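Everything on this sheet refers to the single structure shown next.
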Amino acid sequence: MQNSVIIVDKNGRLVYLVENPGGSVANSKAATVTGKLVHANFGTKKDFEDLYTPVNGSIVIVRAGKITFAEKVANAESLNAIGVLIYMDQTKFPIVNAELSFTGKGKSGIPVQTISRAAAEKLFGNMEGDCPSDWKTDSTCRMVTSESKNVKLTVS
Ligand code: NA
Numbered sequence: 001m002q003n004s005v006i007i008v009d010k011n012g013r014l015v016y017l018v019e020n021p022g023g024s025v026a027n028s029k030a031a032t033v034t035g036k037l038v039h040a041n042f043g044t045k046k047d048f049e050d051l052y053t054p055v056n057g058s059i060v061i062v063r064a065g066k067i068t069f070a071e072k073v074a075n076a077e078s079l080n081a082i083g084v085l086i087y088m089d090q091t092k093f094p095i096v097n098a099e100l101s102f103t104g105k106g107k108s109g110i111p112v113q114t115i116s117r118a119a120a121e122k123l124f125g126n127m128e129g130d131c132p133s134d135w136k137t138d139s140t141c142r143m144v145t146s147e148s149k150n151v152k153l154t155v156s
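What follows is the structure, encoded as structure tokens:
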């Protein structure tokens, strides 16, 4: 299956298959990107200001809420992110029929994929850094992938 999120080594070879998500983000660009994965909470501008790790060239994972998916992606894109992962912490069930409205430049320049909660926790288990307490996130939450690992996103 193409639509997939994979944890790869520095050669791009699979180390863990995180998910082959069933749903597909409407209006997302088709691309295969690889980079460090960075948690940006809800993807609001304040959350990105809260980051200590550079967004430039990384894949961003945000949870649903507060703002539209498009606003999250636009915030990540503005900071030179290469891709976005969206999940829901409140339930195990997937985001159904994800769609992007229009903000900023009016089109999503970077690939966007929704993933299940179990997939996100799979990613957090392979990431480093405890999430800020003000985020009120689950204890599983983690901020960044370590040096040893990178995430590969393949969309549509
Ligand atoms: Na950070």
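In PDB author numbering, the protein residues as written are 1 to 156.
Virtual Cβ for every residue (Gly too), placed ideally from N, Cα, C.
Counterpart residues of residue i in DSSP-defined beta bridges
{"i": "residue 113", "result": "85"}
{"i": "residue 127", "result": "145"}
{"i": "residue 34", "result": "152"}
{"i": "residue 19", "result": "5"}
{"i": "residue 26", "result": "99"}
Alpha-carbon to alpha-carbon, residue j and residue i
{"i": "residue 139", "j": "residue 87", "result": "16 Å"}
{"i": "residue 31", "j": "residue 123", "result": "20 Å"}
{"i": "residue 1", "j": "residue 20", "result": "6 Å"}
{"i": "residue 57", "j": "residue 35", "result": "7 Å"}
{"i": "residue 114", "j": "residue 42", "result": "13 Å"}
{"i": "residue 14", "j": "residue 6", "result": "6 Å"}
{"i": "residue 151", "j": "residue 8", "result": "6 Å"}
{"i": "residue 146", "j": "residue 125", "result": "11 Å"}
{"i": "residue 108", "j": "residue 62", "result": "16 Å"}
{"i": "residue 3", "j": "residue 55", "result": "23 Å"}
{"i": "residue 99", "j": "residue 23", "result": "10 Å"}
{"i": "residue 95", "j": "residue 118", "result": "12 Å"}
{"i": "residue 78", "j": "residue 44", "result": "12 Å"}
{"i": "residue 103", "j": "residue 129", "result": "31 Å"}
{"i": "residue 18", "j": "residue 137", "result": "21 Å"}
{"i": "residue 141", "j": "residue 156", "result": "27 Å"}
Proximity to residue i [Cα-Cα], best of the options
{"i": "residue 70", "options": "60, 106, 37 and 91", "result": "106"}
{"i": "residue 131", "options": "24, 51 and 22", "result": "51"}
{"i": "residue 73", "options": "25, 53 and 116", "result": "25"}
{"i": "residue 153", "options": "128, 121, 111 and 133", "result": "111"}
{"i": "residue 11", "options": "59, 149 and 156", "result": "149"}
{"i": "residue 33", "options": "39, 54, 60 and 47", "result": "60"}
{"i": "residue 101", "options": "67, 156, 38 and 141", "result": "67"}
{"i": "residue 64", "options": "82, 79, 92 and 81", "result": "92"}
{"i": "residue 97", "options": "28, 18, 16 and 17", "result": "28"}
{"i": "residue 143", "options": "48, 17 and 116", "result": "48"}
{"i": "residue 37", "options": "83, 16 and 46", "result": "83"}
{"i": "residue 80", "options": "137, 133 and 53", "result": "53"}
{"i": "residue 76", "options": "46, 89 and 90", "result": "46"}
Taking the runs of the alpha helix (DSSP H) that are 4 residues or longer, which of them lie wholly in the region 36-96? You should have 45-50 and 69-78.
May I have all residues whose beta carbon comes closer than 5 Å to any heavy atom of the ligand NA, sorted in chain order? Near the ligand NA, meaning a beta-carbon closer than 5 Å to one of its heavy atoms, we find 51, 52, 53 and 143.
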